[PDB]
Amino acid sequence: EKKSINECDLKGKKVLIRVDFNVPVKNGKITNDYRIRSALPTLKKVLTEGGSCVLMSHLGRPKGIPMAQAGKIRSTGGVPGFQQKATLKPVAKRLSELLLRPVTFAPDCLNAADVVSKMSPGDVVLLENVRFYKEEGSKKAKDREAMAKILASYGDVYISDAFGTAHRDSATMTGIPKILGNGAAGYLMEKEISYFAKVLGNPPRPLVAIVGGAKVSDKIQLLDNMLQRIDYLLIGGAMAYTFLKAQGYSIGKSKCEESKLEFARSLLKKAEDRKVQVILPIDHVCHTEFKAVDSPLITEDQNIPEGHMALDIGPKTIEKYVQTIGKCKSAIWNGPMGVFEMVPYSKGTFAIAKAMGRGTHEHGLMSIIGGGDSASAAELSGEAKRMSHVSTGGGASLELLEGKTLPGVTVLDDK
């Protein structure tokens, strides 16, 4: 098992903490800071122990820029790879408010030596989005290490509290502990890993995996490796359209991974072979445009009219999904069933949340909800508190089904 912050000497040390501050943002504002709130304990620990924090995280999926191209930008005085919608700035502000102390925001994670050097115990520094640099997520270890070398020069001890990006073998996740030669798990990492651990071992079956949301291309690839664990696979959100089209239905202008259709088909084959009852939308809630509208189009078929885009699962689908969740003893959910941010497209998401919250509360249904947007929905409904666990990890919570040890976790000093 991995070493904890508890085992580290933090007094007077600059702790490099990789957190998951990839919170939901709209118009440059955080709409849900559950991922930040969840990281509070580890930061409190280091502050209480007399250390200082230099936090690293990513927001969104910015294009990134090669480190080489950065130098030129910095000469101009700009920020390498900067994308306004993916700044961690609002996160720095929020964190400062929760922590009740200043959080200095270093606008460039690879050019923060100055600020870092001036740190003293009690100080908290948040570096700009590490994903502003392509090397952070490069597949080329050489590349990751290049960037990690710099970041690693920022502190003494490293601790990872970013369960949520633990499935991401990245520069900040695995590269820094590698180059620094140490790494422990924060409290949140420990917590998530433990709850999942205890739960994924002896899950009360039937076990239904409800997966929705977006990020289809990546998320769809996690499904194959979770068929062995699950009994039911409910599919909603954008994820559904690729499956439905692969099956031969009309998808209209709905989100679809056209390059995954055969993959979808094969996965459905394996699902049958692995004794997994996969269920897709029966009907949909649609509209001609990605805009809310009181009373949008609700289909009868799995087919979506050419001019429409399905934005939520339909009533018949909500019924079957809720019904099957009722047939289970374990439920793992990731991804809203529709565009829950808009009232007319929120019924599916809140229905699943309700069923899970109710199942747990009235029958011990062991429920786990994961993901930033998912956590927001759970909180909006109020069912968050009624779940067995609401994880800060979405894809992380899904990858974890495969049984493999998350690289971010793995890289940690298992002591």
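Residue indices: 1-based, along the sequence shown.
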| item | value |
| --- | --- |
| Higher-B stretch (mean Cα B-factor, as the entry records it), 99-107 or 277-285 | 277-285 |
| Mean temperature factor over C-alpha atoms, higher-scoring stretch between 365-373 and 61-69 | 61-69 |
| Given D312, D123, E128, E262, the residue at which the Cα B factor reaches its maximum | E262 |
| Top residue by Cα temperature factor, when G338, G248, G186, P177 are compared in the entry | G248 |
| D231 - which third its CA temperature factor falls in, relative to the rest of the chain | middle |
| Chain thirds of CA B-factor: placement of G164 | middle |
| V208 CA temperature factor, ranked by third within the chain | lowest |
| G382 CA temperature factor, ranked by third within the chain | highest |
| Among modelled residues of the same chain, the CA temperature factor third for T299 | highest |
